[PDB]
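Chemist: Before we start, here is the structure in question, set down as structure tokens.
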Amino acid sequence: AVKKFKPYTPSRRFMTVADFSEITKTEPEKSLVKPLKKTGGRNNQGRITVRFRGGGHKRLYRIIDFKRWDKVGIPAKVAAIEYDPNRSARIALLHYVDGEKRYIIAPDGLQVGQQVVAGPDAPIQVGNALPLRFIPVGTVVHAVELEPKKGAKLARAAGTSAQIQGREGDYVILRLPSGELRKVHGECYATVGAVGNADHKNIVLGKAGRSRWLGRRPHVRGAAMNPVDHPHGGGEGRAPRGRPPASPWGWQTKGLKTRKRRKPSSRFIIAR
Amino acid sequence: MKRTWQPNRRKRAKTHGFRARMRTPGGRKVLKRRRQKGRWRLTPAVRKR
RNA sequence: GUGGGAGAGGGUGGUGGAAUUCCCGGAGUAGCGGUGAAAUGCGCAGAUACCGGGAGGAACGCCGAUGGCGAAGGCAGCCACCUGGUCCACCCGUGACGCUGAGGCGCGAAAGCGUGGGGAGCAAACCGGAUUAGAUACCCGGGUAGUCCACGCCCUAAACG
RNA sequence: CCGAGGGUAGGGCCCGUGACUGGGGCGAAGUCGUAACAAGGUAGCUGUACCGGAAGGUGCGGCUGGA
RNA sequence: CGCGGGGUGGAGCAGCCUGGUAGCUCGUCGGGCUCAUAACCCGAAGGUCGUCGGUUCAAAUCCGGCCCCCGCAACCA
RNA sequence: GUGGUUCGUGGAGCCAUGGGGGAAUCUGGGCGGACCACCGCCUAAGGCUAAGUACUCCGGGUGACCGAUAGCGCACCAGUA
RNA sequence: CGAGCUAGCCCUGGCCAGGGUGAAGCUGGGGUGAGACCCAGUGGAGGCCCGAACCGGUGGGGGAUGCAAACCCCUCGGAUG
RNA sequence: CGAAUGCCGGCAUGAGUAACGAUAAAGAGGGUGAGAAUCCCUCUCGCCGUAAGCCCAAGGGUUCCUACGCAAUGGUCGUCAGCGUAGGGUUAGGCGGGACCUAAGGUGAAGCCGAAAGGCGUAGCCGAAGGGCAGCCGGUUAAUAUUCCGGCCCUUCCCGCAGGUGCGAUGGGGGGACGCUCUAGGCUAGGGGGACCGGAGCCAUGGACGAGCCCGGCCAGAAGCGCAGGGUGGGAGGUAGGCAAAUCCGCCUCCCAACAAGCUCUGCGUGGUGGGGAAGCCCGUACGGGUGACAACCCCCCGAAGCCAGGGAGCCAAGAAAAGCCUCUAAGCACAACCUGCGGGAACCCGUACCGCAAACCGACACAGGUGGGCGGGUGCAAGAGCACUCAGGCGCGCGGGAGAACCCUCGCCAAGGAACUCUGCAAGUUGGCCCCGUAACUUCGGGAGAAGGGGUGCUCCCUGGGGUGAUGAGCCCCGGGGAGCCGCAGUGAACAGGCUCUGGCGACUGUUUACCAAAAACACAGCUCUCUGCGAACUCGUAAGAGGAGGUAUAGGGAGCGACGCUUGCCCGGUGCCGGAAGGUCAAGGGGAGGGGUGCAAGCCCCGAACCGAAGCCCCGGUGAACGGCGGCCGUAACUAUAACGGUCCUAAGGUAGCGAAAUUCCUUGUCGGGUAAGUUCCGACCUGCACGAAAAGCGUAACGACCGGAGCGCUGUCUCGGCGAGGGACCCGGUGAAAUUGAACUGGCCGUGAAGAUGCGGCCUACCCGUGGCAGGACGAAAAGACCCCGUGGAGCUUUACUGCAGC
RNA sequence: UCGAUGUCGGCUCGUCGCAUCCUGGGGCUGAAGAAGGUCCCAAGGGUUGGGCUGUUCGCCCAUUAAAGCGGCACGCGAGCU
Ligand SMILES: NC[C@@H]1O[C@H](O[C@H]2[C@@H](O)[C@H](O[C@@H]3[C@@H](O)[C@H](N)C[C@H](N)[C@H]3O[C@H]3O[C@H](CO)[C@@H](O)[C@H](O)[C@H]3N)O[C@@H]2CO)[C@H](N)[C@@H](O)[C@@H]1O
Ligand SMILES: [Mg+2]
Ligand SMILES: [Mg+2]
Ligand SMILES: [Mg+2]
Ligand SMILES: [Mg+2]
Ligand SMILES: [Mg+2]
Ligand SMILES: [Mg+2]
Ligand SMILES: [Mg+2]
Ligand SMILES: [Mg+2]
Ligand SMILES: [Mg+2]
Ligand SMILES: [Mg+2]
Ligand SMILES: [Mg+2]
Ligand SMILES: [Mg+2]
Ligand SMILES: [Mg+2]
Ligand SMILES: [Mg+2]
Ligand SMILES: [Mg+2]
Ligand SMILES: [Mg+2]
Ligand SMILES: [Mg+2]
Ligand SMILES: [Mg+2]
Ligand SMILES: [Mg+2]
Ligand SMILES: [Mg+2]
Ligand SMILES: [Mg+2]
Ligand SMILES: [Mg+2]
Ligand SMILES: [Mg+2]
Ligand SMILES: [Mg+2]
Ligand SMILES: [Mg+2]
Ligand SMILES: [Mg+2]
Ligand SMILES: [Mg+2]
Ligand SMILES: [Mg+2]
Ligand SMILES: [Mg+2]
Ligand SMILES: [Mg+2]
Ligand SMILES: [Mg+2]
Ligand SMILES: [Mg+2]
Ligand SMILES: [Mg+2]
Ligand SMILES: [Mg+2]
Ligand SMILES: [Mg+2]
Ligand SMILES: [Mg+2]
Ligand SMILES: [Mg+2]
Ligand SMILES: [Mg+2]
Ligand SMILES: [Mg+2]
Ligand SMILES: [Mg+2]
Ligand SMILES: [Mg+2]
Ligand SMILES: [Mg+2]
Ligand SMILES: [Mg+2]
Ligand SMILES: [Mg+2]
Ligand SMILES: [Mg+2]
Ligand SMILES: [Mg+2]
Ligand SMILES: [Mg+2]
Ligand SMILES: [Mg+2]
Ligand SMILES: [Mg+2]
Ligand SMILES: [Mg+2]
Ligand SMILES: [Mg+2]
Ligand SMILES: [Mg+2]
Ligand SMILES: [Mg+2]
Ligand SMILES: [Mg+2]
Ligand SMILES: [Mg+2]
Ligand SMILES: [Mg+2]
Ligand SMILES: [Mg+2]
Ligand SMILES: [Mg+2]
Ligand SMILES: [Mg+2]
Ligand SMILES: [Mg+2]
Ligand SMILES: [Mg+2]
Ligand SMILES: [Mg+2]
Ligand SMILES: [Mg+2]
Ligand SMILES: [Mg+2]
Ligand SMILES: [Mg+2]
Ligand SMILES: [Mg+2]
Ligand SMILES: [Mg+2]
Ligand SMILES: [Mg+2]
Ligand SMILES: [Mg+2]
Ligand SMILES: [Mg+2]
Ligand SMILES: [Mg+2]
Ligand SMILES: [Mg+2]
Ligand SMILES: [Mg+2]
Ligand SMILES: [Mg+2]
Ligand SMILES: [Mg+2]
Ligand SMILES: [Mg+2]
Ligand SMILES: [Mg+2]
Ligand SMILES: [Mg+2]
Ligand SMILES: [Mg+2]
Ligand SMILES: [Mg+2]
Ligand SMILES: [Mg+2]
Ligand SMILES: [Mg+2]
Ligand SMILES: [Mg+2]
Ligand SMILES: [Mg+2]
Ligand SMILES: [Mg+2]
Ligand SMILES: [Mg+2]
Ligand SMILES: [Mg+2]
Ligand SMILES: [Mg+2]
Ligand SMILES: [Mg+2]
Ligand SMILES: [Mg+2]
Ligand SMILES: [Mg+2]
Ligand SMILES: [Mg+2]
Ligand SMILES: [Mg+2]
Ligand SMILES: [Mg+2]
Ligand SMILES: [Mg+2]
Ligand SMILES: [Mg+2]
Ligand SMILES: [Mg+2]
Ligand SMILES: [Mg+2]
Ligand SMILES: [Mg+2]
Ligand SMILES: [Mg+2]
Ligand SMILES: [Mg+2]
Ligand SMILES: [Mg+2]
Ligand SMILES: [Mg+2]
Ligand SMILES: [Mg+2]
Ligand SMILES: [Mg+2]
Ligand SMILES: [Mg+2]
Ligand SMILES: [Mg+2]
Ligand SMILES: [Mg+2]
Ligand SMILES: [Mg+2]
Ligand SMILES: [Mg+2]
Ligand SMILES: [Mg+2]
Ligand SMILES: [Mg+2]
Ligand SMILES: [Mg+2]
Ligand SMILES: [Mg+2]
Ligand SMILES: [Mg+2]
Ligand SMILES: [Mg+2]
Ligand SMILES: [Mg+2]
Ligand SMILES: [Mg+2]
Ligand SMILES: [Mg+2]
Ligand SMILES: [Mg+2]
Ligand SMILES: [Mg+2]
Ligand SMILES: [Mg+2]
Ligand SMILES: [Mg+2]
Ligand SMILES: [Mg+2]
Ligand SMILES: [Mg+2]
Ligand SMILES: [Mg+2]
Ligand SMILES: [Mg+2]
Ligand SMILES: [Mg+2]
Ligand SMILES: [Mg+2]
Ligand SMILES: [Mg+2]
Ligand SMILES: [Mg+2]
Ligand SMILES: [Mg+2]
Ligand SMILES: [Mg+2]
């Protein structure tokens, strides 16, 4: 839906906030299962190695369930859907009859009170997790494992999915959010449905501060700098570059393919 | 204005203390040099309890 | 009211085959495309034509009519749901409850616009190749917006009987 | 107190005038090309969209006021 | 003032660097087609190569000096 | 592929070795400056071994060494203020 | 050897007088087939406004062997981010 | 040694000169003393009072208190001191920190890596103004006090008795546990008033013996109460999860509650008792002591930002951890152990003085600078921590006395004119708070807005409407209305408090920046687009291990550019880049050996060595511009001239579209028209001949916004005509202390000449007794910095690239 | 003169030259008069305010007896901007 504001201030006239109506009466989270201390820090042991990180709201990590094959066969009741500061998506709090409480990343269409479960069994319904094999060709799916028993790694961003395209002996072909065509092992779990919160892309930050709230420090142009700092630094009053556009570290930034050629992963990929 | 000396006992101790110098080869040599020199004070005297 | 009937009338969800284009495998060569005639273009780096597989979008051949439906615009593969209009028969109920309609309000082809998706074919602009005195056209080889979908605008027409 | 009028400030409508600009009408025999009327030598017209010295051309849907 | 590029039939341009031969498109002129003009077709004409010198057997062509033309430069103060 | 030696790729041996290949036990093996023949010299891939040699924190001796701006930074409670 | 100054980030704390303006959303009324929407009243949003603390450092003057190796005076920017 | 802007030391000059450190301010009497403006005391005066007053923390480290001192330290003096000598002073189970806990980060057994040194590292450990944890009020010292003492009250341990129970962990669960804005109810701190209570006293100078003036009317406090408020459901089954096990927790399912009824838990009142208790007067202090006193200790009102507290509501950016504590069981042990009550005993270590917005901290100084947290009274002005005055409390800033010139600083006023000043209204004025009328273009519908422009503002009396606290009233406190009237030049009478408008450029906007000459139109910014990246991601850092990215996964991450929003962003892929091409050419080691060479009597041993087989790269074939970039010349033509829709021709990869244009771009240039003016190189509008705009190094616009920059007008003025006067701090004179750069020596005039070309010093002439004080700046090519421009040196550094040569990386 | 001779303009303050702008005296005039022209003498005094531009200079506006030209380190920054 997206919340919109009137221009009672500049920067309030474009600003735009998510709709939280799917956030069920459960705004503060769940101890026990999560949260952990989350360790803010824009850099490695010592030095900054990703520029322009820092500031922005304190967070608690929700330790979510990315391998659903523990509770094969054990169903769970979806108890709530809550805000997760550390991902684009929303998260489902679910209660297993087992007693155990996990969070699943919350797919589009998930309703509270719903039944959900994981395993070879598993009715093909939104929320359920299955090894890729038993899932019908053509159904859209998410939180897909890359290699079996290694955890969900594909399609967890808000409003993303992959679609099952066909099969090939032990592998089923996937079409990933990027549009790539991937052979992913049959035995990999993946949960049916799309991610949801799909209006995430429609949000307009609206002002500088908002950027900072999310811990995004000001990014400065190479043009703004000096020859010591950047290939684009200097010279006089503005300058068009004077070389093929580059990163600060000298590599070209328009076109230069960067995936290494001899990756053994290659023989499992069929697209862009 | 604000000058450059902003005394802090803890800082002076953690920074220039006998135990800091002892911790690394760089520092151990400092004690060696100061000893051979005949320095009355190997490290700065940080006070208080 | 009761009981019936035809229909591409509307909206949503799902689905089927033919064809084109691109990709992959096989087989296969010296030309294919195209036109008034050509050239541009594509092709021994293996094109065209032929067989197998896969992908994707869009439009539904025959039935089809000089036919049907709607208030117009408009509506056509098939299926299910939701839904409007309407004709007949019986003459059962109400009982003049009617007709029209400034304004208002809704709907309103195509092109266009916003946001996002999609993109096979086609195709403004644009680039080439021929034609001409010239060609910013007509023909030909490419080609992007758009053409498709969702939501929001736009309100025009030879919106014509 | 009110009160003609005078004064200060800010608006509304109207008329005049203005470098320069936009298209319009009119003015016997200047230029360019041929769009329309015959199937007008590309059927025409059309709402719209883009392009072009110019008439105009092309895309899309429409009309018969053409076959 | 300095620099380097250029003046060739009526128009716009080739011809030079490796000196002997001035070519193209248009235009002009004569002839056709047409009722006529243009288009088109068949013929033909037209250039002291900016000027002064010499270099060579021979100069548009190579080397000097003036003459207009274009282009660049003129910075530190 | 490099280092060592006077040797800087040189006709470049010798001595060490990171990489690849990879033997033999005296009729076995290395060397005498590419290499080959001859004539010779040595016996690699385990280890230890006084003395003669270096220095001067410390003690002593001596000076065609200084004599308080000299001589050690310091003759003096100086690596101090 | 230095981040006890300065720059950024990390962890844990603190501070921001008093005034203005009045968004959404609620509630009532209106409107409609249901809506949209429109009036109020309520509400109390914002890199919103005036202005101390606080953070600055705009213009002018002074100062110039200074009170000060960047200061003083009047003036001025921000002040729930 | 005579020179090195030489080195060390010593002493001159400037010179009794500049200064003596905030313009908050002093005067007198009396002490003391060898000696007093400067020390003590008293009286008067002034300054601070969201401090210039109190309390913490850091830092400092004896500066504390006292006795005796004044050589030096003190910008003067000093009898004084933060200085010299000595002596004394810092008392804790409850305050802070440690025998408690975890944060970032550190360290780091396991493990991983690294020539060495060392680098990483889930467990643990360390690490704190954050979690935890038991003391309040008074009194005493010259100097400590939540530490001593008094009263009242608590905490752990250890050992007993007495009563309870399956007790029991570093293991399970629960809790601890958390944002920002706004907030309700009830309290407390604190404050105002009182005809009431308590007090020495006091009637002055015209009046007042009065419900007069003045001063004060509290603090702490266990249990039990009372009032507010915070936390919490109770059963019974079933159970497969909480990494062993649980009765606990979790998840089901039935009952009864749904209330805070009940349990607890805090706060606040009250409380046995304990303590404090003014002005004034009298004393001797360097200060405290006594009396007031058997002190009184009561009633209203305002009331927090603090307390109940984990309260409530809203919002998106979604808000530590661990222990203590509750609970559940495990091994064990159930004569143990643990819980409750009561007794007795035990209770360590380090800090404690003083300064603490400053003369004791950071700035070489008793330095107009910098320094975190809490209290911070009253009155008035709408409010407030603002401003004026002033409680408590603390100060008059460690040179003074005169004078009353120039000039400077800071300040006040000014006839007439009013921007004529000037690069510029620079500066200075005008305006200024609050209530009420009233407000335009334009606009993204919010705004523009405090638009503009106006009016009101004191005091007195009369009438009158709402609340709040009390009971539905009096009072006490907040907000209103109406009507008469009074005084002055003037009523936010003092202080604090916008000058306004029109029109351009740039940048959308709040932000950011060259600490110490630039705050901007530069950076940033939401947003747009291109490109890389399928996850052990790309990229970054690191030799490595490893880490960031990210406990993220294409709606995500990195890189580049543009830079809100509107309308848009043309043509060129020839060169360079990047992308795509199992063909071809070239292409290194390696393979391969036709063939040849050297030695051997030979078997042999050792050399070179052509075919051919050999990657990436380059070549070559394509693509791609929100990739690097680029986007023409010359002639002719219309029935007045003029101009050229129209044509010719050359060349290119293509030959700049729209929009804009004498511009933050225009040389010629003050282009030419128009506008503002008496007059306009600037400004605004146009034209286009664009030296040398033009589309994401974006193009053209845009409301709002700005300590930006330009042009104009109103208002107002000492900016100016053109100055004048007054004020205070200096300047001047006197007493006290007393610097500096500079300096070859000096017995240091003018002119015209001359000289290395600008002479006090040389020539000629002219002038001129010796020495100071206040002033002025023409000169000593005055001082200051071994010119920062310029060149030179086969000097140096930062930067760049299709310079050379390497290296990392790929 | 580079071990420094501050560099345009303005402002303040002057002073000097004369090849004189005005005022005084004068000759020739194609000088009727008035007013001019032009040459000689003469520096004693005077030689305005504004718009524009950093400007010097210039161009304007309104005046005037006139709206002079040059030098003094393009006079003058230990005098200012
Ligand atoms: N009245 C005509 C209107 O204007 C236009 O027409 C104008 C022009 O097109 C037209 O120009 C014509 C030209 O077309 C034609 N080929 C040649 C002719 N000499 C011109 O003529 C013009 O100029 C001449 C001389 O000055 C006059 O005498 C004459 O009146 C005038 N029409 O002159 C017209 C004005 O007079 C539109 N084409 C027409 O549709 C419109 O309705
Ligand atoms: Mg936890
Ligand atoms: Mg590192
Ligand atoms: Mg470290
Ligand atoms: Mg940026
Ligand atoms: Mg820069
Ligand atoms: Mg660089
Ligand atoms: Mg430039
Ligand atoms: Mg550059
Ligand atoms: Mg009937
Ligand atoms: Mg009708
Ligand atoms: Mg329509
Ligand atoms: Mg359409
Ligand atoms: Mg968008
Ligand atoms: Mg096509
Ligand atoms: Mg076509
Ligand atoms: Mg033709
Ligand atoms: Mg019809
Ligand atoms: Mg008009
Ligand atoms: Mg007109
Ligand atoms: Mg036609
Ligand atoms: Mg025609
Ligand atoms: Mg036609
Ligand atoms: Mg059309
Ligand atoms: Mg066309
Ligand atoms: Mg220079
Ligand atoms: Mg060597
Ligand atoms: Mg050998
Ligand atoms: Mg040998
Ligand atoms: Mg030997
Ligand atoms: Mg030995
Ligand atoms: Mg001697
Ligand atoms: Mg000595
Ligand atoms: Mg001696
Ligand atoms: Mg010495
Ligand atoms: Mg409202
Ligand atoms: Mg507000
Ligand atoms: Mg604000
Ligand atoms: Mg403010
Ligand atoms: Mg000498
Ligand atoms: Mg000396
Ligand atoms: Mg003197
Ligand atoms: Mg003096
Ligand atoms: Mg003096
Ligand atoms: Mg003083
Ligand atoms: Mg006062
Ligand atoms: Mg002492
Ligand atoms: Mg003392
Ligand atoms: Mg004494
Ligand atoms: Mg003294
Ligand atoms: Mg002093
Ligand atoms: Mg004495
Ligand atoms: Mg003392
Ligand atoms: Mg102990
Ligand atoms: Mg500890
Ligand atoms: Mg610990
Ligand atoms: Mg370590
Ligand atoms: Mg660790
Ligand atoms: Mg602690
Ligand atoms: Mg404690
Ligand atoms: Mg004390
Ligand atoms: Mg138990
Ligand atoms: Mg436990
Ligand atoms: Mg626990
Ligand atoms: Mg009396
Ligand atoms: Mg009490
Ligand atoms: Mg268990
Ligand atoms: Mg007393
Ligand atoms: Mg709460
Ligand atoms: Mg622990
Ligand atoms: Mg103490
Ligand atoms: Mg104390
Ligand atoms: Mg303080
Ligand atoms: Mg002092
Ligand atoms: Mg001070
Ligand atoms: Mg401060
Ligand atoms: Mg207060
Ligand atoms: Mg006020
Ligand atoms: Mg104040
Ligand atoms: Mg005046
Ligand atoms: Mg006056
Ligand atoms: Mg006036
Ligand atoms: Mg002026
Ligand atoms: Mg002037
Ligand atoms: Mg101005
Ligand atoms: Mg001003
Ligand atoms: Mg302006
Ligand atoms: Mg502006
Ligand atoms: Mg800005
Ligand atoms: Mg700053
Ligand atoms: Mg600066
Ligand atoms: Mg600024
Ligand atoms: Mg500044
Ligand atoms: Mg990692
Ligand atoms: Mg991570
Ligand atoms: Mg990106
Ligand atoms: Mg920009
Ligand atoms: Mg930019
Ligand atoms: Mg472009
Ligand atoms: Mg190109
Ligand atoms: Mg190409
Ligand atoms: Mg290319
Ligand atoms: Mg390639
Ligand atoms: Mg190759
Ligand atoms: Mg122009
Ligand atoms: Mg230009
Ligand atoms: Mg004019
Ligand atoms: Mg003009
Ligand atoms: Mg530009
Ligand atoms: Mg561009
Ligand atoms: Mg821009
Ligand atoms: Mg700003
Ligand atoms: Mg004055
Ligand atoms: Mg005075
Ligand atoms: Mg004196
Ligand atoms: Mg000297
Ligand atoms: Mg001379
Ligand atoms: Mg002499
Ligand atoms: Mg002389
Ligand atoms: Mg002088
Ligand atoms: Mg020099
Ligand atoms: Mg050289
Ligand atoms: Mg010089
Ligand atoms: Mg000198
Ligand atoms: Mg000098
Ligand atoms: Mg004369
Ligand atoms: Mg005369
Ligand atoms: Mg003016
Ligand atoms: Mg003069
Ligand atoms: Mg000159
Ligand atoms: Mg000049
Ligand atoms: Mg000068
Ligand atoms: Mg100066
Ligand atoms: Mg001077």
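Naming scheme: A, B, ... for chains in displayed order of the structure tokens; residues 1 onward per chain; ligands 1 onward as shown.
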DSSP on the backbone, then: every residue of region 94-172 of chain A marked strand (DSSP E or B), written as a PyMOL selection string.
Modeler: chain A and resi 94-96+101-105+115-116+118+129-131+140-142+144-145+152-154+162-168+171-172
Chemist: Next, the residues of the selection above should be written as a compact mmCIF listing (two decimals), in the first residue's frame with N, CA, C and O atoms.
Modeler:
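Produced file out16.txt, reproduced below:
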# COMPACT_ATOMS: atom_id res chain seq x y z
N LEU A 94 6.39 -18.82 14.20
CA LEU A 94 5.52 -19.98 14.24
C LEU A 94 5.72 -20.90 15.45
O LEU A 94 6.83 -21.06 15.97
N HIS A 95 4.60 -21.48 15.90
CA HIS A 95 4.59 -22.40 17.02
C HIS A 95 4.46 -23.83 16.52
O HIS A 95 3.46 -24.18 15.92
N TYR A 96 5.49 -24.64 16.77
CA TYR A 96 5.44 -26.06 16.46
C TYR A 96 4.70 -26.81 17.56
O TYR A 96 4.85 -26.49 18.74
N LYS A 101 9.59 -23.00 19.16
CA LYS A 101 9.20 -21.80 18.44
C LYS A 101 10.33 -21.36 17.48
O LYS A 101 11.45 -21.10 17.90
N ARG A 102 10.04 -21.28 16.20
CA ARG A 102 11.04 -20.77 15.27
C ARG A 102 10.48 -19.55 14.58
O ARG A 102 9.27 -19.31 14.62
N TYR A 103 11.36 -18.78 13.95
CA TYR A 103 10.90 -17.80 12.98
C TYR A 103 11.20 -18.29 11.60
O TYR A 103 12.32 -18.68 11.29
N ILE A 104 10.19 -18.22 10.75
CA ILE A 104 10.42 -18.39 9.34
C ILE A 104 10.32 -17.02 8.66
O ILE A 104 9.58 -16.13 9.11
N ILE A 105 11.12 -16.83 7.61
CA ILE A 105 10.97 -15.67 6.75
C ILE A 105 9.58 -15.73 6.11
O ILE A 105 9.18 -16.76 5.57
N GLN A 115 -1.74 -23.33 9.11
CA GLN A 115 -0.92 -24.51 9.32
C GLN A 115 0.18 -24.53 8.28
O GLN A 115 -0.04 -24.19 7.11
N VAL A 116 1.36 -24.92 8.70
CA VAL A 116 2.51 -24.99 7.81
C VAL A 116 3.41 -26.16 8.27
O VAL A 116 3.36 -26.55 9.44
N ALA A 118 7.11 -28.97 6.97
CA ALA A 118 8.22 -29.24 6.05
C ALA A 118 8.55 -30.73 5.89
O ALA A 118 8.57 -31.48 6.86
N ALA A 129 7.74 -26.36 3.20
CA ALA A 129 9.08 -26.60 2.68
C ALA A 129 9.26 -28.05 2.20
O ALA A 129 8.80 -29.00 2.84
N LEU A 130 9.91 -28.21 1.07
CA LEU A 130 10.05 -29.51 0.44
C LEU A 130 11.41 -29.56 -0.19
O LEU A 130 11.94 -28.53 -0.57
N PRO A 131 11.97 -30.76 -0.31
CA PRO A 131 13.11 -30.88 -1.21
C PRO A 131 12.61 -30.50 -2.60
O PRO A 131 11.46 -30.79 -2.91
N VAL A 140 6.28 -21.48 -8.14
CA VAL A 140 7.24 -20.52 -7.60
C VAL A 140 7.51 -20.76 -6.12
O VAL A 140 6.64 -21.16 -5.34
N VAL A 141 8.75 -20.48 -5.74
CA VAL A 141 9.30 -21.03 -4.53
C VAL A 141 10.32 -20.04 -3.97
O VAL A 141 10.76 -19.14 -4.68
N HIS A 142 10.68 -20.17 -2.70
CA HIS A 142 11.72 -19.31 -2.16
C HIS A 142 12.57 -19.99 -1.10
O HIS A 142 12.45 -21.19 -0.86
N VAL A 144 15.50 -20.98 -1.19
CA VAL A 144 16.03 -22.20 -1.77
C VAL A 144 17.47 -22.43 -1.34
O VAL A 144 18.27 -21.50 -1.40
N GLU A 145 17.78 -23.64 -0.89
CA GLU A 145 19.16 -24.06 -0.63
C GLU A 145 19.96 -24.16 -1.93
O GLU A 145 19.40 -24.47 -2.99
N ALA A 152 19.12 -22.20 3.43
CA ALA A 152 18.48 -21.33 2.44
C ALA A 152 19.37 -20.16 2.08
O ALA A 152 19.85 -19.44 2.95
N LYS A 153 19.58 -19.94 0.79
CA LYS A 153 20.51 -18.93 0.36
C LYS A 153 19.99 -18.13 -0.84
O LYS A 153 20.44 -17.01 -1.09
N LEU A 154 19.02 -18.67 -1.57
CA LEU A 154 18.46 -17.96 -2.72
C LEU A 154 17.08 -17.40 -2.37
O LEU A 154 16.32 -18.05 -1.65
N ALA A 162 11.90 -17.80 -7.00
CA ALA A 162 12.44 -18.48 -8.15
C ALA A 162 11.34 -19.38 -8.62
O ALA A 162 10.44 -19.72 -7.84
N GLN A 163 11.40 -19.74 -9.90
CA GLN A 163 10.42 -20.63 -10.50
C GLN A 163 11.13 -21.90 -10.93
O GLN A 163 12.26 -21.86 -11.42
N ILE A 164 10.49 -23.03 -10.70
CA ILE A 164 11.06 -24.29 -11.13
C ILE A 164 10.79 -24.45 -12.62
O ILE A 164 9.67 -24.23 -13.09
N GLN A 165 11.82 -24.79 -13.37
CA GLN A 165 11.69 -24.78 -14.81
C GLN A 165 11.57 -26.20 -15.38
O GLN A 165 10.72 -26.46 -16.23
N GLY A 166 12.40 -27.11 -14.89
CA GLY A 166 12.40 -28.48 -15.36
C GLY A 166 13.33 -29.29 -14.48
O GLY A 166 13.79 -28.78 -13.45
N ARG A 167 13.61 -30.54 -14.86
CA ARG A 167 14.54 -31.38 -14.09
C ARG A 167 15.59 -32.03 -14.98
O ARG A 167 15.50 -31.99 -16.20
N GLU A 168 16.61 -32.62 -14.36
CA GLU A 168 17.72 -33.16 -15.11
C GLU A 168 18.48 -34.17 -14.29
O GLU A 168 19.50 -33.85 -13.70
N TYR A 171 19.25 -33.01 -10.73
CA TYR A 171 19.09 -31.56 -10.58
C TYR A 171 17.78 -31.09 -11.16
O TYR A 171 17.27 -31.65 -12.13
N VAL A 172 17.23 -30.06 -10.53
CA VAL A 172 16.10 -29.34 -11.09
C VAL A 172 16.61 -27.95 -11.47
O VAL A 172 17.46 -27.37 -10.79
Chemist: Report as number ranges by chain which protein, DNA and RNA residues come within 12 Å of ligand 17, using only C-alpha atoms (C1' of nucleotides) and all ligand atoms.
Modeler: C: 131-135; D: 33-34, 41; E: 38-40
Chemist: May I have the residues within 9 Å of region 11-28 of chain G as a count of residues only, using only C-alpha atoms (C1' of nucleotides) and disregarding those fewer than 6 positions away in the same chain?
Modeler: 32
Chemist: Counting only C-alpha atoms (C1' of nucleotides) and all ligand atoms, what residues are within 10 Å of ligand 120, given as JSON, numbers by chain?
Modeler: {"H": [776, 777, 778, 779, 780, 782], "I": [78]}
Chemist: Would you name the residues within 12 Å of ligand 72, counting only C-alpha atoms (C1' of nucleotides) and all ligand atoms, and put them as a ChimeraX atom specification?
Modeler: /H:55-56,64,90,143-145,147,351-356
Chemist: Within 8 Å of ligand 87 (counting only C-alpha atoms (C1' of nucleotides) and all ligand atoms), which residues show up? I'd like them as a list in words.
Modeler: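 Counting only what the definition allows, namely only C-alpha atoms (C1' of nucleotides) and all ligand atoms, the set is residues 503, 504 and 710 of chain H.
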